[PDB]
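Peer 1: Sending over a structure as structure tokens; questions will come in a sec.
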Amino acid sequence: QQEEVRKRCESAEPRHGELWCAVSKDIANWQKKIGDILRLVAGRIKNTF
């Protein structure tokens, strides 16, 4: 079932990216390096402590 895990990693949910920010809150943070990993480098950094 690792194909399902890969599909979830690729697109978990439309709002999972926001949950990704929560994931950034969950582990590490949504910093410039984390923001540069995604398409936008300031969408979650403003909401990340």
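Peer 1: For all pairs of alpha-carbon atoms in the chain, what percent lies in each bin of width 10 Å, listed from the first bin to the last filled one?
Peer 2: Going from the shortest bin to the longest, the percentages are 28, 49, 20, 3.
Peer 1: Measure nothing fancy, just the Cα-based angle from helix 16-26's long axis to the longest principal axis of the chain, in degrees from 0 to 90, nearest 10.
Peer 2: 60 degrees
Peer 1: Of all GluC sites (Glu not before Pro) in the chain, which ones are in loop regions per DSSP and have a Cβ with at most 15 other Cβ atoms within 10 Å?
Peer 2: Taking the chain and a limit of 15 other Cβ atoms within 10 Å, no loop GluC sites (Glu not before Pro) are found.
Peer 1: Let me ask something additional. Can you compute the charge dipole magnitude of the chain about its Cα centre, using +1 on each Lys and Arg Cβ and -1 on each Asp and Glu Cβ, nothing else charged? Give it in debye, rounded to the nearest 20.
Peer 2: Values: 10 positive and 7 negative charges, 52 e Å.
Taking the Cα centre of the chain as origin, the dipole is about 240 debye.
Since every read-out is calculated from the coordinates, none of them should be taken as a lab result. Cβ atoms come from the backbone with ideal geometry, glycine included; neighbour counts cover every protein chain shown.
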